[PDB]
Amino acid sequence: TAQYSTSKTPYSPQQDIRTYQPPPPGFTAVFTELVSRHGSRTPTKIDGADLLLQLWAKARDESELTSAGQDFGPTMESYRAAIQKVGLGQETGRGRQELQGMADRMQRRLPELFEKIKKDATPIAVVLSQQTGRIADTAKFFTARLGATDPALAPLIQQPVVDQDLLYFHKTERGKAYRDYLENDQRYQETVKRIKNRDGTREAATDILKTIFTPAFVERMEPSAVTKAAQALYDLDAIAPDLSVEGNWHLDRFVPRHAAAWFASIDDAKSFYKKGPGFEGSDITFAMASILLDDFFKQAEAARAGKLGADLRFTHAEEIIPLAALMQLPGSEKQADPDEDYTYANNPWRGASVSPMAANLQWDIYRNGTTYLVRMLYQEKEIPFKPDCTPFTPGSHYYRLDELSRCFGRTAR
């Protein structure tokens, strides 16, 4: 959906549901549970667009625009206005489409579950990090779609409940040690400084600005303004695909592909240490997510009582990212050696795969007799659990719930 957009990459499901492993013979879906980031959104801040528009107007007045740069003003003005019409930090039309597709595929993959929910009039729970905003709108996209395609589900979907410890832990007391670490840990601070100071950023930044402005205009800027304006333009280019329903502004005209690749690698390195697996031997960035992993188990274990058909949770990237690191999900299984800083060559973690827009984890719970199995989807790709968890049969992506409990340390056996 985009090459260098890191955590702003629009969502796409990573597997076709027709190719999931089929449920083992005799097993039927009895419960499902989800945690999803909000869908594609506008940027949270507009000051970068304004910095660029102010520099553009100055260069225009000085006759210091390139040929392509003549159209930068009108393009950025249009893009800014479309962002403001949606609202900063708000869901876009593409975000709505993303969540609708997720709801469609949930229903298509678990038809027997939704049939059972309707026979038994079983409620569907909705849980949010916050009462209003992009998280609440994301939930409504999903639940409205369930009710549009299957109208009998609409009365069963409960009014949302807010649970900030479960779905907003980086901002609650659960995140106090984490926030203190980011603010005060010297190894962390020195590592971030090394990333910000990597040789190459100045060249990538001047390359970006020279698409719009004559070289002399760029050399006349103070170097701090150069890096700030280039960062702002890279960021606006990176999130433009989120606004695909609202327009196509061809912002790549102004960000050379190699420079976008460079800035993406810097953003991913910063995020790896701030939010992701971080340093070998430390769980400071992700222990706080244990409440959410716990809740996946708690809801699955409660499925034997059958009082809930599904549990749908909506949150931010900063909750999904540490959950993936805590569970050692693919891409999040390699912490960094303190003696070798993260790079794309030495680590598989990427914002685009760990935390795209609408990043989501789902567990489907299947039953035969008294046996309960779990199948896990990550960005809608069916994935194994960490390797000390043993599948139901060799090569299976289905796992006994009691085996998952054991391999995650919740029970002895």
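Numbering starts at 1 and runs along the sequence shown.
**Student:** Report the stretch with the higher mean CA temperature factor, choosing between 360-368 and 62-70 on the basis of the entry.
**Tutor:** The recorded data point to 62-70.
**Student:** Return whichever of 251-259 and 182-190 has the greater mean Cα B factor according to the PDB record.
**Tutor:** On average, C-alpha B-factors are higher across 182-190.
**Student:** Check the PDB entry and point out which of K274, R202, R313, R96 has the largest C-alpha temperature factor.
**Tutor:** Largest recorded C-alpha B-factor: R202.
**Student:** In terms of recorded Cα temperature factor, pick the maximum from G87, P241, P160, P322.
**Tutor:** The C-alpha B-factor peaks, among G87, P241, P160, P322, at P160.
**Student:** Please place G101 in the lowest, middle or highest third of its chain according to the CA B-factor in the PDB entry.
**Tutor:** For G101, the deposited C-alpha B-factor lands in the lowest third.
**Student:** Sorting by Cα B-factor within the chain, modelled residues only, which third would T1 end up in: lowest, middle or highest?
**Tutor:** Answer is highest: the recorded C-alpha B-factor places it there.
**Student:** Going by the entry, which third of its chain does the Cα temperature factor of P25 land in?
**Tutor:** As the PDB entry reports it, the C-alpha B-factor of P25 lands in the highest third of its chain.
**Student:** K176: which third of its chain by C-alpha temperature factor?
**Tutor:** According to the entry, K176 has a C-alpha B-factor in the chain's highest third.
**Student:** Consider only the C-alpha atoms of the modelled residues in this chain, order them by B-factor as the entry records it, and name the third containing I124: lowest, middle or highest.
**Tutor:** Middle third - that is where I124 ends up once the chain's C-alpha B-factors are sorted.
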